[PDB]
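Okay, protein12.txt is below, compact mmCIF, C-alpha atoms and all ligand atoms:
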```txt
# COMPACT_ATOMS: atom_id res chain seq x y z
CA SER A 3 0.00 0.00 0.00
CA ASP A 4 3.00 2.26 0.68
CA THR A 5 3.60 3.22 -2.95
CA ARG A 6 0.06 4.58 -3.41
CA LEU A 7 -0.55 8.17 -2.40
CA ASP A 8 -3.04 8.38 0.48
CA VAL A 9 -6.02 10.78 0.64
CA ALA A 10 -4.90 12.64 3.73
CA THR A 11 -1.52 13.49 2.27
CA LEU A 12 -3.07 14.34 -1.08
CA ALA A 13 -5.64 16.63 0.54
CA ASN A 14 -3.04 18.37 2.59
CA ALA A 15 -1.00 19.02 -0.52
CA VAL A 16 -4.11 20.32 -2.31
CA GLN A 17 -4.79 22.74 0.56
CA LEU A 18 -1.27 24.11 0.17
CA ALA A 19 -1.34 24.14 -3.65
CA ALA A 20 -4.63 26.04 -3.68
CA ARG A 21 -2.64 29.12 -2.66
CA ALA A 22 -1.91 29.24 -6.36
CA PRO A 23 -2.74 32.56 -7.95
CA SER A 24 -5.48 32.78 -10.54
CA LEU A 25 -7.14 35.49 -12.61
CA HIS A 26 -9.08 37.73 -10.24
CA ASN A 27 -8.66 35.02 -7.56
CA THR A 28 -11.29 33.00 -9.35
CA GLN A 29 -9.65 29.65 -8.59
CA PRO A 30 -11.31 28.10 -11.65
CA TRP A 31 -10.23 24.53 -10.98
CA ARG A 32 -11.94 21.22 -10.18
CA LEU A 33 -10.06 18.19 -8.98
CA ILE A 34 -11.12 14.53 -8.93
CA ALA A 35 -9.15 11.93 -6.96
CA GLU A 36 -9.95 8.51 -8.41
CA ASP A 37 -8.11 5.21 -8.78
CA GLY A 38 -4.91 6.59 -7.24
CA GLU A 39 -4.70 9.49 -9.67
CA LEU A 40 -5.76 13.11 -9.58
CA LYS A 41 -7.61 14.64 -12.50
CA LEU A 42 -7.49 18.40 -13.06
CA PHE A 43 -10.38 20.06 -14.82
CA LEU A 44 -11.17 23.60 -15.78
CA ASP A 45 -14.29 24.80 -13.93
CA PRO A 46 -16.18 26.55 -16.71
CA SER A 47 -18.53 28.16 -14.23
CA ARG A 48 -15.62 30.15 -12.89
CA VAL A 49 -14.40 31.59 -16.17
CA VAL A 50 -14.58 35.41 -16.46
CA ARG A 51 -16.43 35.39 -19.75
CA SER A 52 -15.81 38.77 -21.39
CA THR A 53 -12.44 39.30 -19.74
CA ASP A 54 -10.89 35.97 -20.65
CA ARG A 55 -11.51 34.95 -24.24
CA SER A 56 -11.17 31.23 -24.89
CA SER A 57 -10.87 30.61 -21.13
CA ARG A 58 -7.13 31.12 -21.67
CA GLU A 59 -6.38 32.63 -18.30
CA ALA A 60 -8.70 30.22 -16.49
CA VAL A 61 -6.74 27.35 -18.04
CA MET A 62 -3.52 29.19 -17.25
CA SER A 63 -4.62 29.48 -13.66
CA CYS A 64 -5.20 25.73 -13.59
CA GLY A 65 -1.67 25.33 -14.92
CA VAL A 66 -0.38 27.35 -12.02
CA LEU A 67 -2.28 25.00 -9.69
CA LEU A 68 -0.81 22.01 -11.57
CA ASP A 69 2.72 23.12 -10.86
CA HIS A 70 1.83 24.08 -7.29
CA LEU A 71 0.48 20.59 -6.70
CA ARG A 72 3.73 19.10 -7.91
CA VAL A 73 5.69 21.32 -5.61
CA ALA A 74 3.45 20.65 -2.65
CA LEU A 75 3.59 16.90 -3.20
CA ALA A 76 7.37 16.81 -3.61
CA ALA A 77 7.77 18.43 -0.22
CA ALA A 78 5.49 15.68 1.10
CA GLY A 79 7.71 12.98 -0.43
CA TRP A 80 5.84 12.34 -3.63
CA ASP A 81 6.93 12.68 -7.23
CA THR A 82 4.36 13.55 -9.87
CA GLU A 83 3.96 12.52 -13.49
CA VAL A 84 1.60 14.47 -15.67
CA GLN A 85 -0.53 13.56 -18.65
CA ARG A 86 -1.84 16.74 -20.29
CA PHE A 87 -5.20 16.84 -22.11
CA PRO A 88 -5.63 13.08 -21.77
CA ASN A 89 -9.15 12.96 -23.21
CA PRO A 90 -9.84 14.38 -26.67
CA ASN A 91 -13.57 14.16 -25.95
CA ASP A 92 -13.40 16.49 -22.93
CA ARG A 93 -11.23 19.57 -23.45
CA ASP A 94 -12.05 20.66 -19.88
CA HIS A 95 -9.98 17.75 -18.65
CA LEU A 96 -6.63 19.49 -18.52
CA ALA A 97 -4.38 16.94 -16.89
CA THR A 98 -4.13 13.71 -14.94
CA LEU A 99 -1.46 13.35 -12.28
CA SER A 100 -0.01 10.12 -11.01
CA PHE A 101 2.32 9.67 -8.11
CA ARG A 102 5.36 7.71 -6.95
CA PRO A 103 7.40 8.10 -3.80
CA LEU A 104 10.63 10.09 -3.83
CA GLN A 105 13.72 8.65 -2.11
CA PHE A 106 14.15 11.87 -0.19
CA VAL A 107 12.92 15.40 0.17
CA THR A 108 15.55 18.01 -0.44
CA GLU A 109 16.00 21.42 1.11
CA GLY A 110 15.05 22.79 -2.33
CA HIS A 111 11.74 20.94 -2.21
CA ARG A 112 11.03 22.39 1.26
CA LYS A 113 11.98 25.94 0.37
CA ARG A 114 9.85 25.84 -2.75
CA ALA A 115 6.81 24.61 -0.80
CA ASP A 116 7.45 27.34 1.78
CA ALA A 117 7.40 29.80 -1.13
CA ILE A 118 3.89 28.73 -2.02
CA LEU A 119 2.69 30.03 1.34
CA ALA A 120 4.80 33.16 1.31
CA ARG A 121 3.96 34.37 -2.22
CA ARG A 122 1.46 37.20 -2.68
CA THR A 123 0.62 39.62 -5.48
CA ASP A 124 2.08 43.04 -4.74
CA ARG A 125 0.51 45.92 -6.63
CA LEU A 126 2.55 48.63 -4.92
CA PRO A 127 5.60 50.11 -6.54
CA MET A 128 8.79 48.05 -6.22
CA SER A 129 12.50 48.76 -6.26
CA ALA A 130 14.69 47.08 -8.86
CA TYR A 131 16.68 44.07 -7.72
CA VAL A 132 20.32 44.98 -8.00
CA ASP A 133 21.48 41.37 -8.52
CA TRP A 134 18.97 40.81 -11.34
CA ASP A 135 21.46 39.28 -13.81
CA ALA A 136 22.39 36.37 -11.59
CA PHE A 137 18.75 35.82 -10.71
CA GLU A 138 17.72 35.81 -14.37
CA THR A 139 20.17 32.97 -14.86
CA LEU A 140 18.36 31.01 -12.11
CA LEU A 141 14.96 31.72 -13.67
CA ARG A 142 16.11 30.55 -17.09
CA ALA A 143 17.59 27.38 -15.64
CA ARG A 144 14.22 26.70 -14.02
CA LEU A 145 12.31 27.18 -17.26
CA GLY A 146 14.79 24.97 -19.11
CA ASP A 147 14.27 24.47 -22.82
CA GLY A 148 10.48 25.43 -22.99
CA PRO A 149 7.65 25.27 -23.53
CA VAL A 150 7.50 28.67 -21.84
CA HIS A 151 9.92 31.37 -22.87
CA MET A 152 10.83 34.53 -21.03
CA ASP A 153 11.86 37.91 -22.29
CA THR A 154 13.25 40.51 -19.91
CA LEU A 155 12.11 43.87 -21.09
CA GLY A 156 14.42 46.80 -21.23
CA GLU A 157 13.75 49.94 -19.26
CA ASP A 158 13.49 51.65 -22.67
CA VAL A 159 10.21 49.88 -23.44
CA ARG A 160 8.52 50.47 -20.07
CA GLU A 161 6.53 53.41 -21.49
CA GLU A 162 5.42 51.35 -24.51
CA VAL A 163 4.07 48.73 -22.13
CA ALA A 164 2.38 51.45 -20.06
CA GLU A 165 0.73 52.84 -23.15
CA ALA A 166 -0.36 49.36 -24.24
CA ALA A 167 -1.98 49.06 -20.83
CA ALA A 168 -3.78 52.38 -21.29
CA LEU A 169 -4.89 51.29 -24.75
CA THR A 170 -6.33 48.17 -23.30
CA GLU A 171 -8.37 50.14 -20.78
CA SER A 172 -9.56 52.40 -23.62
CA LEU A 173 -10.71 49.44 -25.70
CA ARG A 174 -12.66 48.27 -22.66
CA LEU A 175 -14.40 51.55 -22.00
CA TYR A 176 -17.66 50.36 -23.54
CA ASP A 177 -17.28 46.71 -22.63
CA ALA A 178 -19.95 46.59 -19.97
CA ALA A 179 -19.41 42.95 -19.26
CA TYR A 180 -15.71 43.50 -18.57
CA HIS A 181 -16.61 46.19 -16.07
CA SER A 182 -19.28 44.17 -14.34
CA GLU A 183 -16.89 41.22 -14.13
CA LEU A 184 -14.20 43.43 -12.64
CA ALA A 185 -16.70 44.74 -10.09
CA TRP A 186 -17.95 41.28 -9.26
CA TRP A 187 -14.55 39.84 -8.66
CA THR A 188 -13.52 42.77 -6.50
CA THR A 189 -16.65 42.97 -4.37
CA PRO A 190 -15.71 43.71 -0.74
CA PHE A 191 -18.25 41.17 0.48
CA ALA A 192 -16.55 38.16 -1.07
CA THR A 193 -15.01 35.78 1.47
CA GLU A 194 -13.44 32.86 -0.34
CA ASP A 195 -12.52 34.26 -3.74
CA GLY A 196 -12.09 37.51 -5.56
CA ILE A 197 -9.63 40.29 -4.80
CA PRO A 198 -10.07 41.77 -1.33
CA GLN A 199 -9.75 45.46 -0.61
CA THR A 200 -6.52 44.86 1.29
CA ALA A 201 -4.94 43.58 -1.92
CA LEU A 202 -5.91 46.63 -3.96
CA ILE A 203 -4.19 50.00 -4.10
CA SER A 204 -5.30 53.60 -3.76
CA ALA A 205 -5.74 56.06 -6.57
CA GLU A 206 -2.57 57.80 -5.45
CA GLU A 207 -0.56 54.61 -5.31
CA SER A 208 -1.82 53.59 -8.73
CA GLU A 209 -0.32 56.80 -10.20
CA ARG A 210 3.06 55.38 -9.27
CA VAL A 211 2.78 52.03 -11.03
CA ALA A 212 2.81 52.34 -14.80
CA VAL A 213 2.60 48.68 -15.64
CA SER A 214 -0.70 47.66 -14.10
CA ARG A 215 -4.31 46.77 -14.73
CA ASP A 216 -6.75 49.32 -13.45
CA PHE A 217 -8.80 47.93 -10.60
CA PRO A 218 -11.36 49.66 -8.42
CA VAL A 219 -9.39 51.77 -5.99
CA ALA A 220 -8.95 50.90 -2.35
CA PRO A 221 -9.42 53.61 0.24
CA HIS A 222 -6.88 56.41 0.10
CA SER A 223 -3.35 55.63 1.22
CA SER A 224 0.18 56.53 0.11
CA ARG A 225 2.39 53.59 0.88
CA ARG A 226 6.08 53.30 -0.03
CA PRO A 227 6.22 57.07 -0.50
CA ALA A 228 9.98 56.97 -1.15
CA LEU A 229 9.32 55.25 -4.47
CA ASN A 230 8.14 57.91 -6.90
CA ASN A 231 7.70 55.24 -9.60
CA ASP A 232 7.67 51.50 -9.84
CA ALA A 233 11.05 50.13 -10.88
CA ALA A 234 10.14 46.45 -11.11
CA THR A 235 11.80 44.50 -13.84
CA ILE A 236 9.19 43.47 -16.38
CA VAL A 237 9.34 39.97 -17.81
CA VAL A 238 7.07 38.49 -20.45
CA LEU A 239 6.26 34.76 -20.48
CA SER A 240 5.28 33.38 -23.82
CA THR A 241 4.38 30.20 -25.71
CA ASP A 242 4.54 29.00 -29.27
CA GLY A 243 0.81 29.44 -29.78
CA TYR A 244 -2.48 30.36 -28.09
CA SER A 245 -4.22 27.03 -27.70
CA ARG A 246 -5.54 25.54 -24.41
CA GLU A 247 -2.44 23.41 -24.32
CA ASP A 248 -0.31 26.54 -24.53
CA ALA A 249 -2.39 28.18 -21.77
CA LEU A 250 -1.78 25.28 -19.45
CA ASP A 251 1.91 25.33 -20.20
CA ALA A 252 1.97 29.07 -19.57
CA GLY A 253 0.50 28.63 -16.11
CA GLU A 254 3.00 25.99 -15.16
CA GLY A 255 5.77 28.36 -16.29
CA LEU A 256 4.20 31.22 -14.41
CA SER A 257 4.11 29.13 -11.25
CA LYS A 258 7.74 28.24 -11.64
CA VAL A 259 8.72 31.89 -12.09
CA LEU A 260 6.62 33.17 -9.20
CA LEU A 261 7.93 30.54 -6.82
CA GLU A 262 11.52 31.04 -7.87
CA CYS A 263 11.11 34.78 -7.26
CA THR A 264 9.52 34.22 -3.88
CA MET A 265 12.26 31.78 -2.79
CA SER A 266 14.80 34.55 -3.53
CA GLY A 267 12.87 37.11 -1.48
CA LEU A 268 11.59 39.00 -4.53
CA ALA A 269 8.18 40.63 -4.82
CA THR A 270 5.95 39.70 -7.77
CA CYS A 271 2.85 40.89 -9.48
CA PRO A 272 1.36 39.31 -12.63
CA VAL A 273 -0.17 41.73 -15.16
CA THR A 274 -2.31 40.20 -17.90
CA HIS A 275 -4.77 42.68 -19.32
CA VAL A 276 -2.40 43.60 -22.14
CA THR A 277 -2.61 39.97 -23.24
CA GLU A 278 -6.44 39.83 -23.27
CA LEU A 279 -7.03 41.72 -26.51
CA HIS A 280 -5.56 41.12 -29.94
CA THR A 281 -4.48 44.71 -30.37
CA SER A 282 -2.68 44.81 -27.02
CA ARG A 283 -1.17 41.39 -27.25
CA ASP A 284 0.25 42.20 -30.68
CA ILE A 285 1.94 45.28 -29.18
CA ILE A 286 3.54 43.09 -26.53
CA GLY A 287 4.40 40.50 -29.20
CA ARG A 288 6.51 43.04 -31.02
CA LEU A 289 8.58 43.55 -27.84
CA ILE A 290 9.57 39.90 -27.61
CA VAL A 291 11.34 37.28 -29.74
CA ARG A 292 9.91 36.31 -33.11
CA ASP A 293 6.88 34.05 -33.21
CA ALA A 294 6.11 34.06 -29.47
CA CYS A 295 2.65 34.54 -28.01
CA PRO A 296 2.68 36.70 -24.87
CA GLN A 297 0.75 35.06 -22.09
CA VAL A 298 1.52 37.05 -18.91
CA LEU A 299 3.78 39.83 -17.72
CA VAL A 300 5.37 39.72 -14.31
CA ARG A 301 6.72 42.62 -12.34
CA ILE A 302 9.70 41.42 -10.27
CA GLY A 303 11.50 43.51 -7.71
CA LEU A 304 11.91 44.33 -4.03
CA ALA A 305 9.37 45.36 -1.43
CA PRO A 306 10.59 47.31 1.63
CA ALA A 307 11.44 44.60 4.20
CA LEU A 308 9.79 46.26 7.17
CA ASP A 309 6.49 47.21 5.43
CA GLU A 310 3.45 45.72 7.08
CA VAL A 311 2.18 42.84 4.85
CA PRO A 312 -1.51 42.68 4.01
CA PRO A 313 -3.35 39.53 5.04
CA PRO A 314 -3.45 36.59 2.64
CA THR A 315 -6.01 36.68 -0.05
CA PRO A 316 -8.73 34.10 0.53
CA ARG A 317 -9.21 30.66 -1.01
CA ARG A 318 -12.07 28.26 -1.32
CA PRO A 319 -11.98 25.32 1.02
CA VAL A 320 -10.71 22.09 -0.45
CA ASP A 321 -14.13 20.51 -0.10
CA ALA A 322 -15.51 23.05 -2.57
CA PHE A 323 -13.41 21.77 -5.45
CA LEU A 324 -11.90 18.35 -4.61
CA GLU A 325 -13.99 15.26 -5.30
CA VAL A 326 -12.77 11.96 -4.02
CA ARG A 327 -14.35 8.95 -5.71
CA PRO A 328 -14.03 5.77 -3.82
CA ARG A 329 -12.29 2.82 -5.39
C1 LIG B 401 -3.72 34.30 -15.03
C2 LIG B 401 -3.66 35.38 -13.94
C3 LIG B 401 -3.98 36.67 -14.30
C4 LIG B 401 -3.88 37.74 -13.39
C5 LIG B 401 -3.39 37.53 -12.10
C6 LIG B 401 -3.02 36.23 -11.73
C7 LIG B 401 -3.10 35.16 -12.70
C8 LIG B 401 -2.60 33.81 -12.32
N1 LIG B 401 -3.43 38.60 -11.17
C9 LIG B 401 -3.13 38.29 -9.78
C10 LIG B 401 -4.33 37.80 -9.04
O1 LIG B 401 -5.39 38.75 -8.95
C11 LIG B 401 -3.99 37.18 -7.73
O2 LIG B 401 -3.13 36.07 -7.97
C12 LIG B 401 -5.16 36.73 -6.87
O3 LIG B 401 -5.99 37.83 -6.52
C13 LIG B 401 -4.81 36.02 -5.57
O4 LIG B 401 -3.98 36.90 -4.81
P1 LIG B 401 -2.48 36.50 -4.43
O5 LIG B 401 -1.71 36.32 -5.74
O6 LIG B 401 -2.47 35.16 -3.70
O7 LIG B 401 -1.91 37.58 -3.57
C14 LIG B 401 -3.28 39.90 -11.67
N2 LIG B 401 -2.99 40.88 -10.86
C15 LIG B 401 -2.82 42.14 -11.38
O8 LIG B 401 -2.48 43.10 -10.65
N3 LIG B 401 -3.09 42.32 -12.69
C16 LIG B 401 -3.55 41.37 -13.53
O9 LIG B 401 -3.84 41.67 -14.73
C17 LIG B 401 -3.67 40.13 -12.98
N4 LIG B 401 -4.27 39.09 -13.77
```
Please render this file's structure as structure tokens.
Ligand SMILES: Cc1cc2c(cc1C)N(C[C@H](O)[C@H](O)[C@H](O)COP(=O)(O)O)c1[nH]c(=O)[nH]c(=O)c1N2
Amino acid sequence: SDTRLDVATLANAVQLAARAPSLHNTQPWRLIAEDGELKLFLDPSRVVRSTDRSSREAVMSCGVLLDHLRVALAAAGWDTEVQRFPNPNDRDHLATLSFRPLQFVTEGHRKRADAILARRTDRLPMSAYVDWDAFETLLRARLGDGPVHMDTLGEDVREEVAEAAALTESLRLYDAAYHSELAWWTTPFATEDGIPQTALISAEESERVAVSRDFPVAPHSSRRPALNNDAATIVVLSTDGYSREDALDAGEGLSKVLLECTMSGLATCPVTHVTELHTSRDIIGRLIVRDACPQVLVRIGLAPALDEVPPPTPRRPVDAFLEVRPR
């Protein structure tokens, strides 16, 4: 029996992995534990319909969960093997995971699982990380030979990205659905999902972060007043194409990047609205290497170490999204 992953350990790893980030904290994943395996499905009811064409970011978010689950399970002593899109007749079935014991859990495994708990999205301005170059080498080693590529944008294109962001908001001015979705998923009365007020920034703070999606403003505040402008390094993660398979890959890559950043004490913030429209995404495409499809931007930098840290954003309980089917 000792080579079969047990429910308690699986569920504990799911509880940890569910810290994964997701578009608007929608957590659009469904899991089924059955016959010793774990099936990962998109939850179509939790797709942000106008915002996220083709459910790309919902699938991406599930990819982030996929990688998180692997990380969580490794720290628990379990290796994971993944079959992606195992059922041509159900494109909502994104992956099936199977498990085998590791011989030992490394310090790396532990630190990476600690990073899952520590990571948060930080929408305040950041300082640039002075030892970026050496860190970029670590990030690239983690991403290996694909399927997700990363471009580090030069400071000389920061304004172009900012203007692509503004263009995106302009194109959404009359998209009522986008605006109602943004309101919905930022309602202050949500408790298990959505973006809480403590995770949002004030109008004044927003003036100081050029690369951002506009969200409803939090109550007035002027945090990190020493930083007149965000100086985060901007990286773009991209894939060969824009299929569901590519979306899933993108999310696994995004998870790897966010966790690597967190393990090195770096602040992160994904920015995706510039990838949600053709016009915007093509602008970002021209900033990156030939033939690559931009999937997500990440701001990477330093937060002030003694800043108070907002509380964790909420997650759904595991019994909302994990089914266990008896043998
Ligand atoms: C695919 C996807 C897309 C986005 C994000 C994430 C992911 C995975 N999130 C961040 C997101 O809102 C955040 O992860 C959740 O609110 C949960 O909060 P924590 O990340 O745990 O702090 C994000 N945040 C942001 O400031 N701008 C954005 O455009 C987006 N969009």
Please, which residues in stretch 35-134 of chain A fall within 10 Å of stretch 271-287 of chain A when counting all atoms listed in the file, and what is the closest atom pair and distance in Å to one decimal for each, ordered by chain then residue number, as JSON lines?
```
{"residue": "A:52", "atom": "CA", "partner": "A:278", "partner_atom": "CA", "distance": 9.6}
{"residue": "A:53", "atom": "CA", "partner": "A:278", "partner_atom": "CA", "distance": 7.0}
{"residue": "A:54", "atom": "CA", "partner": "A:278", "partner_atom": "CA", "distance": 6.4}
{"residue": "A:55", "atom": "CA", "partner": "A:278", "partner_atom": "CA", "distance": 7.1}
{"residue": "A:56", "atom": "CA", "partner": "A:278", "partner_atom": "CA", "distance": 9.9}
{"residue": "A:58", "atom": "CA", "partner": "A:278", "partner_atom": "CA", "distance": 8.9}
{"residue": "A:59", "atom": "CA", "partner": "A:274", "partner_atom": "CA", "distance": 8.6}
{"residue": "A:121", "atom": "CA", "partner": "A:271", "partner_atom": "CA", "distance": 9.8}
{"residue": "A:122", "atom": "CA", "partner": "A:271", "partner_atom": "CA", "distance": 7.9}
{"residue": "A:123", "atom": "CA", "partner": "A:271", "partner_atom": "CA", "distance": 4.8}
{"residue": "A:124", "atom": "CA", "partner": "A:271", "partner_atom": "CA", "distance": 5.3}
{"residue": "A:125", "atom": "CA", "partner": "A:271", "partner_atom": "CA", "distance": 6.2}
{"residue": "A:126", "atom": "CA", "partner": "A:271", "partner_atom": "CA", "distance": 9.0}
{"residue": "A:128", "atom": "CA", "partner": "A:271", "partner_atom": "CA", "distance": 9.9}
```
What is the distance between atom CA of residue A:34 and atom CA of residue A:97, in Å to one decimal?
10.7 Å
Contacts of residue A:254 at 12 Å (only C-alpha atoms; same-chain gap of 3+ positions) as a PDB file with C-alpha atoms, keeping the file's coordinate frame:
```
ATOM      1  CA  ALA A  22      -1.910  29.240  -6.360  1.00  0.00           C
ATOM      2  CA  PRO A  23      -2.740  32.560  -7.950  1.00  0.00           C
ATOM      3  CA  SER A  24      -5.480  32.780 -10.540  1.00  0.00           C
ATOM      4  CA  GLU A  59      -6.380  32.630 -18.300  1.00  0.00           C
ATOM      5  CA  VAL A  61      -6.740  27.350 -18.040  1.00  0.00           C
ATOM      6  CA  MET A  62      -3.520  29.190 -17.250  1.00  0.00           C
ATOM      7  CA  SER A  63      -4.620  29.480 -13.660  1.00  0.00           C
ATOM      8  CA  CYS A  64      -5.200  25.730 -13.590  1.00  0.00           C
ATOM      9  CA  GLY A  65      -1.670  25.330 -14.920  1.00  0.00           C
ATOM     10  CA  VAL A  66      -0.380  27.350 -12.020  1.00  0.00           C
ATOM     11  CA  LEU A  67      -2.280  25.000  -9.690  1.00  0.00           C
ATOM     12  CA  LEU A  68      -0.810  22.010 -11.570  1.00  0.00           C
ATOM     13  CA  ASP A  69       2.720  23.120 -10.860  1.00  0.00           C
ATOM     14  CA  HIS A  70       1.830  24.080  -7.290  1.00  0.00           C
ATOM     15  CA  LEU A  71       0.480  20.590  -6.700  1.00  0.00           C
ATOM     16  CA  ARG A  72       3.730  19.100  -7.910  1.00  0.00           C
ATOM     17  CA  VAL A  73       5.690  21.320  -5.610  1.00  0.00           C
ATOM     18  CA  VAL A  84       1.600  14.470 -15.670  1.00  0.00           C
ATOM     19  CA  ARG A  86      -1.840  16.740 -20.290  1.00  0.00           C
ATOM     20  CA  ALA A  97      -4.380  16.940 -16.890  1.00  0.00           C
ATOM     21  CA  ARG A 144      14.220  26.700 -14.020  1.00  0.00           C
ATOM     22  CA  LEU A 145      12.310  27.180 -17.260  1.00  0.00           C
ATOM     23  CA  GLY A 148      10.480  25.430 -22.990  1.00  0.00           C
ATOM     24  CA  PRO A 149       7.650  25.270 -23.530  1.00  0.00           C
ATOM     25  CA  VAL A 150       7.500  28.670 -21.840  1.00  0.00           C
ATOM     26  CA  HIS A 151       9.920  31.370 -22.870  1.00  0.00           C
ATOM     27  CA  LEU A 239       6.260  34.760 -20.480  1.00  0.00           C
ATOM     28  CA  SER A 240       5.280  33.380 -23.820  1.00  0.00           C
ATOM     29  CA  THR A 241       4.380  30.200 -25.710  1.00  0.00           C
ATOM     30  CA  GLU A 247      -2.440  23.410 -24.320  1.00  0.00           C
ATOM     31  CA  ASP A 248      -0.310  26.540 -24.530  1.00  0.00           C
ATOM     32  CA  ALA A 249      -2.390  28.180 -21.770  1.00  0.00           C
ATOM     33  CA  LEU A 250      -1.780  25.280 -19.450  1.00  0.00           C
ATOM     34  CA  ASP A 251       1.910  25.330 -20.200  1.00  0.00           C
ATOM     35  CA  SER A 257       4.110  29.130 -11.250  1.00  0.00           C
ATOM     36  CA  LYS A 258       7.740  28.240 -11.640  1.00  0.00           C
ATOM     37  CA  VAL A 259       8.720  31.890 -12.090  1.00  0.00           C
ATOM     38  CA  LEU A 260       6.620  33.170  -9.200  1.00  0.00           C
ATOM     39  CA  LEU A 261       7.930  30.540  -6.820  1.00  0.00           C
ATOM     40  CA  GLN A 297       0.750  35.060 -22.090  1.00  0.00           C
ATOM     41  CA  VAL A 298       1.520  37.050 -18.910  1.00  0.00           C
TER      42      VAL A 298
END
```
From A:111, A:6, A:93, A:26, residue lying nearest ligand LIG 401 (chain B) [only C-alpha atoms and all ligand atoms]:
A:26
Please provide the set of residues having any atom within 12 Å of residue A:199, restricted to all atoms listed in the file, with same-chain residues fewer than 4 positions apart removed, written as a VMD selection string.
chain A and resid 125 185 187 to 193 195 203 to 204 217 to 222 312 to 316
Given all atoms listed in the file as the basis, pick out the residue of A:198, A:328, A:303, A:319 nearest to ligand LIG 401 (chain B).
A:198
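Nearest-residue note for ligand LIG 401 (chain B): choosing from A:246, A:215, A:160, A:48, the minimum distance belongs to A:215, counting only C-alpha atoms and all ligand atoms.
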Suppose you want the space between atom CA of residue A:201 and atom CA of residue A:28; what is it in Å?
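Result for atom CA of residue A:201 versus atom CA of residue A:28: 14.4 Å, one decimal.
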Quick one: distance from atom CA of residue A:16 to atom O3 of ligand LIG 401 (chain B) in Å, one decimal?
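Separation of atom CA of residue A:16 and atom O3 of ligand LIG 401 (chain B): 18.1 Å.
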Of the listed residues A:42, A:130, A:213, A:143, that which approaches ligand LIG 401 (chain B) most closely, counting only C-alpha atoms and all ligand atoms
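The closest residue to ligand LIG 401 (chain B) is A:213.
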Closest to ligand LIG 401 (chain B) among A:184, A:99, A:173, A:320, using only C-alpha atoms and all ligand atoms?
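Of all the options, A:184 lies closest to ligand LIG 401 (chain B).
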Stretch 103-120 of chain A: axis-aligned bounding box, 6 Å on each side, centre and edge lengths in Å, one decimal, as JSON:
```
{"center_x": 9.3, "center_y": 20.6, "center_z": -1.0, "size_x": 25.3, "size_y": 37.1, "size_z": 17.6}
```
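The shortest atom-to-atom distance to residue A:137, with all atoms listed in the file taken into account, belongs to A:154 out of A:3, A:233, A:154, A:293.
With all atoms listed in the file taken into account, the protein and nucleic acid residues at most 9 Å from residue A:216 (excluding it and anything under 2 positions from it in its own chain) are residues 167, 168, 171, 208, 214, 218 and 219 of chain A.
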Can you pull out every residue within 6 Å of residue A:301, counting only C-alpha atoms, but drop anything in the same chain fewer than 3 positions away, and send it as a ChimeraX atom specification?
/A:234-236,270-271
Give me the residues within 9 Å of residue A:161 as a list in words, counting all atoms listed in the file and dropping any in the same chain fewer than 4 places off.
residues 157, 165, 166, 212 and 213 of chain A
Output as a PDB file, keeping the file's coordinate frame: stretch 56-66 of chain A, completed with N, CA and C atoms.
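Output (result-v8.pdb):
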```pdb
ATOM      1  N   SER A  56     -11.622  32.612 -24.748  1.00  0.00           N
ATOM      2  CA  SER A  56     -11.170  31.230 -24.890  1.00  0.00           C
ATOM      3  C   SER A  56     -10.858  30.524 -23.589  1.00  0.00           C
ATOM      4  N   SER A  57     -11.225  31.155 -22.444  1.00  0.00           N
ATOM      5  CA  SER A  57     -10.870  30.610 -21.130  1.00  0.00           C
ATOM      6  C   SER A  57      -9.369  30.447 -20.961  1.00  0.00           C
ATOM      7  N   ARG A  58      -8.584  31.263 -21.696  1.00  0.00           N
ATOM      8  CA  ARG A  58      -7.130  31.120 -21.670  1.00  0.00           C
ATOM      9  C   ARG A  58      -6.530  31.293 -20.305  1.00  0.00           C
ATOM     10  N   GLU A  59      -6.931  32.361 -19.609  1.00  0.00           N
ATOM     11  CA  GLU A  59      -6.380  32.630 -18.300  1.00  0.00           C
ATOM     12  C   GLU A  59      -6.945  31.711 -17.213  1.00  0.00           C
ATOM     13  N   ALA A  60      -8.158  31.228 -17.410  1.00  0.00           N
ATOM     14  CA  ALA A  60      -8.700  30.220 -16.490  1.00  0.00           C
ATOM     15  C   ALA A  60      -7.873  28.933 -16.631  1.00  0.00           C
ATOM     16  N   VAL A  61      -7.591  28.507 -17.859  1.00  0.00           N
ATOM     17  CA  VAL A  61      -6.740  27.350 -18.040  1.00  0.00           C
ATOM     18  C   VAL A  61      -5.328  27.616 -17.530  1.00  0.00           C
ATOM     19  N   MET A  62      -4.800  28.786 -17.820  1.00  0.00           N
ATOM     20  CA  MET A  62      -3.520  29.190 -17.250  1.00  0.00           C
ATOM     21  C   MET A  62      -3.488  29.056 -15.739  1.00  0.00           C
ATOM     22  N   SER A  63      -4.550  29.529 -15.118  1.00  0.00           N
ATOM     23  CA  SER A  63      -4.620  29.480 -13.660  1.00  0.00           C
ATOM     24  C   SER A  63      -4.589  28.041 -13.164  1.00  0.00           C
ATOM     25  N   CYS A  64      -5.262  27.172 -13.885  1.00  0.00           N
ATOM     26  CA  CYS A  64      -5.200  25.730 -13.590  1.00  0.00           C
ATOM     27  C   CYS A  64      -3.813  25.159 -13.777  1.00  0.00           C
ATOM     28  N   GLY A  65      -3.083  25.678 -14.769  1.00  0.00           N
ATOM     29  CA  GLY A  65      -1.670  25.330 -14.920  1.00  0.00           C
ATOM     30  C   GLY A  65      -0.798  25.756 -13.770  1.00  0.00           C
ATOM     31  N   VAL A  66      -1.096  26.933 -13.208  1.00  0.00           N
ATOM     32  CA  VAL A  66      -0.380  27.350 -12.020  1.00  0.00           C
ATOM     33  C   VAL A  66      -0.658  26.365 -10.862  1.00  0.00           C
TER      34      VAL A  66
END
```
